[PDB]
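J.: Dropping the structure in here first, questions after.
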Amino acid sequence: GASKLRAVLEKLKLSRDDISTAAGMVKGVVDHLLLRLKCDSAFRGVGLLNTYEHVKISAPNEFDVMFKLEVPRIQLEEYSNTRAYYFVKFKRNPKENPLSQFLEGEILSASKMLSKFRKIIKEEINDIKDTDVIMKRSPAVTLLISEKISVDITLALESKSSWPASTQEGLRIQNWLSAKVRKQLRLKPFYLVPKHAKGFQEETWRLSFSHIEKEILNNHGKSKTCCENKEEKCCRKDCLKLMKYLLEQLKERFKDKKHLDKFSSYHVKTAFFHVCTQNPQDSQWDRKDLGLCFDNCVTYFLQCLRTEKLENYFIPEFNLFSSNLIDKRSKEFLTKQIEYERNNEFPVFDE
Ligand SMILES: Cc1ccc(-c2cc(C(=O)O)c3nc(CN4CCOCC4)[nH]c3c2)c(Cl)c1
Ligand SMILES: [Zn+2]
């Protein structure tokens, strides 16, 4: 029942200290690069984005880090009705921006900016000889510290402006976290990561709302006091940790023929939060009900792959499971693998 799952989560608690020692290795290298970039003309307004504060975790030895660049008076042009991919233009010309180095008429190049960013890092990488830091061959700068810790660095354009139109019906937390909280969150800035649409269109930026996850996860209840006492203990966080570790273990047992390469913890998060919308009450996430609650996430995720539909939590018109992003075969393969786990009381957790 719920007994087996608790031991898995209690096991995952034991590796917190090993992740904490490796976390300081990430922040050390990252702070040197931030000092190096600030001395440059274009990367003077570079800062660390808090998404472990500024260090986000995707896999056990993978660490996603985000560098933000303040872009004032930014005008966005939507690309090919994709709803998430956009072009970066400038409202007017009051006093020429320092970002003009990568401009191409009106449109700001994503390929040109990421290239100078890759160059300034490649130069600073060989400088700090304290730890073995390298660079790998994908809109991120991957580093490898002590031939084990992989750090995916991403550059993002910050816009303090009102969120784009495609996000109008997104973040459907009204019946869960409230209309008050939705309005509050939508007052926060948004990000433009250089993810390119399928060759590629290397001048299009993707809408990123990564920074909102910590806001919702650290305040996940309908009741303001959720998980603040022994009475209101819920299992929302435990179901997300079990959903993340499920895909993680399936990506480990099937690196045999590389079918699940397109799948990330991101797809698992999106699906979990959609269940959080479906189940807005705290009584639908009780600590005793861990087994039942996890199965609700497992059923929704299986229904997602099966229907080839998983809406971006912020952009409903954007389908993360479209034929264009992940092929029909990879979804039908993952459907079959999870279906086997669900029908056999999850044998990929027995360790
Ligand atoms: C309630 C809530 C809040 C935030 C997110 C959320 C959003 C984004 C996003 O960007 O909108 C994102 N992005 C990541 C990691 N990226 C995967 C693709 O490659 C680059 C790294 N996790 C992400 C997580 C979700 Cl689901 C739900
Ligand atoms: Zn809770």
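Ordering of the structure tokens sets the chain letters (A, B, ...), residue numbers begin anew at 1 in every chain, and ligands are numbered from 1 in the order given.
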Could the residues that lie within 7 Å of ligand 2, counting only C-alpha atoms and all ligand atoms, be listed as an mmCIF file with N, CA, C and O atoms, in the first residue's frame?

T.:
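In the end it all went to selection.cif:
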data_model
loop_
_atom_site.group_PDB
_atom_site.id
_atom_site.type_symbol
_atom_site.label_atom_id
_atom_site.label_comp_id
_atom_site.auth_asym_id
_atom_site.auth_seq_id
_atom_site.Cartn_x
_atom_site.Cartn_y
_atom_site.Cartn_z
ATOM 1 N N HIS A 220 1.813 25.404 -1.086
ATOM 2 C CA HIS A 220 1.029 24.511 -1.952
ATOM 3 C C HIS A 220 -0.403 24.222 -1.538
ATOM 4 O O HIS A 220 -1.093 23.538 -2.287
ATOM 5 N N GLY A 221 -0.843 24.690 -0.379
ATOM 6 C CA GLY A 221 -2.176 24.365 0.101
ATOM 7 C C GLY A 221 -3.272 25.365 -0.175
ATOM 8 O O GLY A 221 -3.004 26.524 -0.490
ATOM 9 N N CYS A 226 -1.180 24.802 5.735
ATOM 10 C CA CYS A 226 -0.866 23.473 5.226
ATOM 11 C C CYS A 226 0.603 23.138 5.503
ATOM 12 O O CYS A 226 1.489 23.921 5.150
ATOM 13 N N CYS A 227 0.838 22.015 6.217
ATOM 14 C CA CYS A 227 2.147 21.464 6.603
ATOM 15 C C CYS A 227 2.913 22.336 7.613
ATOM 16 O O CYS A 227 4.149 22.281 7.659
ATOM 17 N N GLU A 232 -2.425 19.233 9.758
ATOM 18 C CA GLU A 232 -2.554 19.572 8.337
ATOM 19 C C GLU A 232 -1.378 19.116 7.455
ATOM 20 O O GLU A 232 -0.978 19.829 6.529
ATOM 21 N N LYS A 233 -0.863 17.899 7.712
ATOM 22 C CA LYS A 233 0.254 17.326 6.949
ATOM 23 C C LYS A 233 -0.253 16.711 5.638
ATOM 24 O O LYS A 233 -1.025 15.747 5.676
ATOM 25 N N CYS A 234 0.153 17.274 4.483
ATOM 26 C CA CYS A 234 -0.273 16.733 3.187
ATOM 27 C C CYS A 234 0.877 16.008 2.460
ATOM 28 O O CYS A 234 2.010 15.998 2.960
ATOM 29 N N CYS A 235 0.572 15.357 1.325
ATOM 30 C CA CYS A 235 1.569 14.606 0.569
ATOM 31 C C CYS A 235 1.752 15.103 -0.875
ATOM 32 O O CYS A 235 2.129 14.313 -1.739
ATOM 33 N N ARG A 236 1.535 16.412 -1.132
ATOM 34 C CA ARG A 236 1.728 17.009 -2.459
ATOM 35 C C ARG A 236 3.204 16.918 -2.855
ATOM 36 O O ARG A 236 3.511 16.390 -3.924
#

J.: Just the residues within 9 Å of range 338-346 of chain A, please, counting only C-alpha atoms, with nothing from its chain fewer than 4 positions along; format it as a PyMOL selection string.

T.: chain A and resi 1+246-247+250+295+298-299+302+333-334+350

J.: Mind checking which residues fall within 12 Å of residue 127 in chain A, counting only C-alpha atoms, ignoring those fewer than 6 positions away in the same chain, and posting them as a list in words?

T.: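 Those residues are residues 29, 32, 33, 36, 120, 121, 133 and 134 of chain A.
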
J.: Those residues you just picked out, can you put them in a file as a PDB file, in the first residue's frame with N, CA, C and O atoms?

T.:
ATOM      1  N   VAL A  29      32.066  27.872  -8.527  1.00  0.00           N
ATOM      2  CA  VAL A  29      32.375  28.033  -9.956  1.00  0.00           C
ATOM      3  C   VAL A  29      31.498  29.143 -10.572  1.00  0.00           C
ATOM      4  O   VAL A  29      32.022  30.037 -11.240  1.00  0.00           O
ATOM      5  N   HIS A  32      32.393  32.893  -9.809  1.00  0.00           N
ATOM      6  CA  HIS A  32      33.581  33.346 -10.547  1.00  0.00           C
ATOM      7  C   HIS A  32      33.170  33.824 -11.939  1.00  0.00           C
ATOM      8  O   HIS A  32      33.647  34.862 -12.404  1.00  0.00           O
ATOM      9  N   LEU A  33      32.274  33.057 -12.592  1.00  0.00           N
ATOM     10  CA  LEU A  33      31.753  33.331 -13.928  1.00  0.00           C
ATOM     11  C   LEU A  33      30.921  34.609 -13.938  1.00  0.00           C
ATOM     12  O   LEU A  33      31.005  35.380 -14.896  1.00  0.00           O
ATOM     13  N   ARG A  36      33.292  37.582 -13.848  1.00  0.00           N
ATOM     14  CA  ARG A  36      33.919  37.650 -15.171  1.00  0.00           C
ATOM     15  C   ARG A  36      32.989  38.326 -16.189  1.00  0.00           C
ATOM     16  O   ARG A  36      33.430  39.224 -16.911  1.00  0.00           O
ATOM     17  N   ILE A 120      33.072  33.738 -23.325  1.00  0.00           N
ATOM     18  CA  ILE A 120      33.513  34.359 -22.063  1.00  0.00           C
ATOM     19  C   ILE A 120      33.650  33.292 -20.951  1.00  0.00           C
ATOM     20  O   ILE A 120      34.574  33.374 -20.137  1.00  0.00           O
ATOM     21  N   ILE A 121      32.771  32.268 -20.964  1.00  0.00           N
ATOM     22  CA  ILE A 121      32.801  31.157 -20.006  1.00  0.00           C
ATOM     23  C   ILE A 121      33.985  30.230 -20.324  1.00  0.00           C
ATOM     24  O   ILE A 121      34.797  29.996 -19.433  1.00  0.00           O
ATOM     25  N   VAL A 133      37.003  21.654 -14.242  1.00  0.00           N
ATOM     26  CA  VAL A 133      35.798  22.156 -14.917  1.00  0.00           C
ATOM     27  C   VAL A 133      36.023  22.103 -16.430  1.00  0.00           C
ATOM     28  O   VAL A 133      37.062  22.561 -16.909  1.00  0.00           O
ATOM     29  N   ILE A 134      35.067  21.511 -17.173  1.00  0.00           N
ATOM     30  CA  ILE A 134      35.132  21.364 -18.637  1.00  0.00           C
ATOM     31  C   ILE A 134      33.812  21.853 -19.276  1.00  0.00           C
ATOM     32  O   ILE A 134      32.920  22.279 -18.549  1.00  0.00           O
TER      33      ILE A 134
END

J.: Which one is closest to residue 273 in chain A: A:207, A:143, A:240, A:57? Count only C-alpha atoms.

T.: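 Answer, going by the shortest atom-to-atom distance: A:240.
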
J.: Counting only C-alpha atoms, what are the residues of range 40-80 of chain A within 12 Å of range 257-267 of chain A, and for each of them which pair of atoms is the nearest and at what distance in Å, to one decimal? Sort the table by chain and rising number, as JSON lines.

T.:
{"residue": "A:56", "atom": "CA", "partner": "A:265", "partner_atom": "CA", "distance": 11.6}
{"residue": "A:57", "atom": "CA", "partner": "A:265", "partner_atom": "CA", "distance": 9.4}
{"residue": "A:58", "atom": "CA", "partner": "A:265", "partner_atom": "CA", "distance": 6.2}
{"residue": "A:59", "atom": "CA", "partner": "A:265", "partner_atom": "CA", "distance": 7.9}
{"residue": "A:60", "atom": "CA", "partner": "A:265", "partner_atom": "CA", "distance": 11.5}
{"residue": "A:62", "atom": "CA", "partner": "A:265", "partner_atom": "CA", "distance": 11.5}
{"residue": "A:64", "atom": "CA", "partner": "A:265", "partner_atom": "CA", "distance": 11.7}

J.: Go ahead and write the residues just picked, N, CA and C atoms, as a compact mmCIF listing (two decimals), in the first residue's frame.

T.:
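This went into again_26.txt:
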# COMPACT_ATOMS: atom_id res chain seq x y z
N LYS A 56 19.08 24.67 -8.99
CA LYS A 56 17.91 23.81 -9.22
C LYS A 56 18.37 22.40 -9.61
N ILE A 57 17.61 21.37 -9.21
CA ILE A 57 17.96 19.96 -9.46
C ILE A 57 16.98 19.29 -10.42
N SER A 58 17.51 18.67 -11.50
CA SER A 58 16.74 17.94 -12.51
C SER A 58 16.90 16.43 -12.33
N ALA A 59 18.17 15.96 -12.21
CA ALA A 59 18.57 14.56 -12.01
C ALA A 59 19.51 14.46 -10.76
N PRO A 60 19.97 13.27 -10.28
CA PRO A 60 20.81 13.26 -9.06
C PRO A 60 22.16 14.00 -9.18
N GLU A 62 22.80 16.23 -11.93
CA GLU A 62 22.55 17.32 -12.86
C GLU A 62 22.00 18.52 -12.09
N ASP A 64 20.65 22.49 -12.72
CA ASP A 64 20.24 23.58 -13.60
C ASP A 64 20.41 24.92 -12.89

J.: What's the 10 Å shell around residue 81 in chain A, counting only C-alpha atoms, without same-chain residues fewer than 4 positions away, as a list in words?

T.: residues 85, 86, 166, 317 and 318 of chain A

J.: Apply DSSP to the structure's backbone, then extract all residues of range 37-281 of chain A labelled strand (DSSP E or B) and return them as a PyMOL selection string.

T.: chain A and resi 46-49+55-59+62-70+74-78+85-90+103-104+107-108+135+141-145+149-159+190-193+197+201+205-208+234

J.: With only C-alpha atoms as the atoms that count, which of A:157, A:84, A:65, A:128 lies nearest to residue 141 in chain A?

T.: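 Result for the nearest residue to residue 141 in chain A: A:65.
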
J.: I'd like the interatomic distance between CA of residue 152 in chain A and CA of residue 256 in chain A, to a tenth of an Å.

T.: 23.7 Å

J.: Taking into account only C-alpha atoms, which residue in the set A:155, A:5, A:242, A:107 is nearest to residue 47 in chain A?

T.: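 The closest residue to residue 47 in chain A is A:155.
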
J.: Collect all residues with atoms no farther than 10 Å from ligand 1, counting only C-alpha atoms and all ligand atoms, and output them as a count of residues only.

T.: 55
